[PDB]
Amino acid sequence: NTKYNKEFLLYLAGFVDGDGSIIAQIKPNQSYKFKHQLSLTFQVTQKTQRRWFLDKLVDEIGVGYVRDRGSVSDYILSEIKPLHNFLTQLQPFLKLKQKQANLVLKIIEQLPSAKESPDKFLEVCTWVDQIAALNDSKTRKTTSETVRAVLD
């Protein structure tokens, strides 16, 4: 359970507030009990020419990976528990995305208990609706209401 140097977390929070994204999604998938997956992602996007900077992030955060999508690349951290640790430490230094971080950080602490009740799952899904409304969301399709319809 890695501890990060404060000055790193201060800079990083500023960069995240700039080019970063804290993301929650409900993914339709028949193989799941409620026919949806709950997906959490922390990401930083950057021009591939500066991919080196994302690579440095992998090294410094000690987990996650970088992916290519042409002219641009992304640092991706989706593993639920390294994510909890990282976001716990980053959260108090964020300013634009501190609300997203804390929703995520609590959606995490209720996953063990949101696959039991279909109603609990609907509750958690509404929190991801919240994260999406805090972000500059423009192409969102699957929400906690395409879900509620399905749970019927």
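Just count from 1 along the sequence shown to find any residue number.
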property	result
Comparing 64 to 72 with 104 to 112, the one whose average Cα B-factor in the PDB entry is higher	104 to 112
29 to 37 versus 50 to 58 - greater average Cα B-factor per the deposited record	29 to 37
Residue, from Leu96, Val44, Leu83, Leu122, that the PDB entry assigns the highest Cα B-factor	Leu122
Third of the chain, ranked by Cα B-factor, where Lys141 sits	highest
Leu134 CA temperature factor, ranked by third within the chain	middle
